[PDB]
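Everything on this sheet refers to the single structure shown next.
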Amino acid sequence: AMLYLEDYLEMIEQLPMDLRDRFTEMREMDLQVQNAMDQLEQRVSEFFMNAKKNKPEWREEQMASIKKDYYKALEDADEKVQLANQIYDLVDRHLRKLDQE
Amino acid sequence: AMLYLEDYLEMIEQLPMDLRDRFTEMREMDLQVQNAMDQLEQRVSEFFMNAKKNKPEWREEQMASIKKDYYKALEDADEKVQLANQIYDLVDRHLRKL
């Protein structure tokens, strides 16, 4: 409980700001993705809800917004992908450093 | 107060079955992502902490486990991605029907 957090806390501190920052950065990115998907889900059930109501040209604005949200999330996930690559190479670099030492 | 949650109820219930399940699968995958990230961080820091103290073998073992967790994670992110694409397909199909 509280002691496991101390150990968890402990663990994080022995990690160069290099890595820790990219992890929380990935954290934030994942949060962003979840949020984008939420607004998409809402756009979608409104599509199904109103639908014929508010005319059928409502699909234009709606579907455009759906595509926008979806693309946004995709870009955010591609960004987490980049960040994980970064963390990967930064592992490798700190590694090699220690090995020839 | 929780009107946000009754509204989300009515929200969800407007979706067809396919779409609902893909979204809930997605949420499951998010959780799994958060755990993979977590676990990976922990092996990384622990490996740094105990890097110099332990033997070459221990370094190689921790590194293999780290690599695991990494690819692990990476796979989950792809599945979440994949789910999002399925959802978008189902959506524009439910439009092409109308």
Quantify how strongly other chains surround peptide A:32-45 by giving the mean number of their Cβ atoms within 10 Å of each of its Cβ atoms.
-> 5
Report the residue, chosen from A:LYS80, A:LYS67, A:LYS52, that carries the largest GNM mean-square fluctuation when chain A is represented by alpha-carbon nodes joined by springs under 10 Å.
-> A:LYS52
The stretch B:68-83 - phi-based ³J(HN,Hα) in whole Hz, Karplus 6.51/-1.76/1.60, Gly and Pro as x | 3, 2, 4, 4, 2, 2, 4, 4, 4, 4, 4, 5, 4, 3, 2, 4
Counting other Cβ atoms within 10 Å of each Cβ, which GluC sites (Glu not before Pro) in the stretch A:1-97 have at most 15 and sit in a DSSP loop?
-> A:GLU57
Listing A:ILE66, A:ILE12 by rising number of other beta-carbon atoms within 10 angstrom, fewest first, gives A:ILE12, A:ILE66
Two pseudo-spin positions, 7 Å from Cα along C-beta at A:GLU57 and at A:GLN100, lie apart in nanometres by 6.8 nm
Mean separation of Cα contacts under 8 Å (at least 6 apart) over the residue count of the stretch A:1-79, i.e. the relative contact order in percent, is 40 percent
Just how far, in whole angstrom, is the stretch A:1-65 from the stretch B:1-52 if you go by their alpha carbon centroids?
-> 9 Å
Distance (nanometres) between label positions extended 7 Å along Cα→Cβ at B:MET49 and A:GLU13 | 1.1 nm
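Just so you know, all these numbers are worked out from the coordinates, no wet-lab data involved. When we count neighbours, we look across all protein chains shown, and the Cβ atoms used for this are built from the backbone with ideal geometry, even at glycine.
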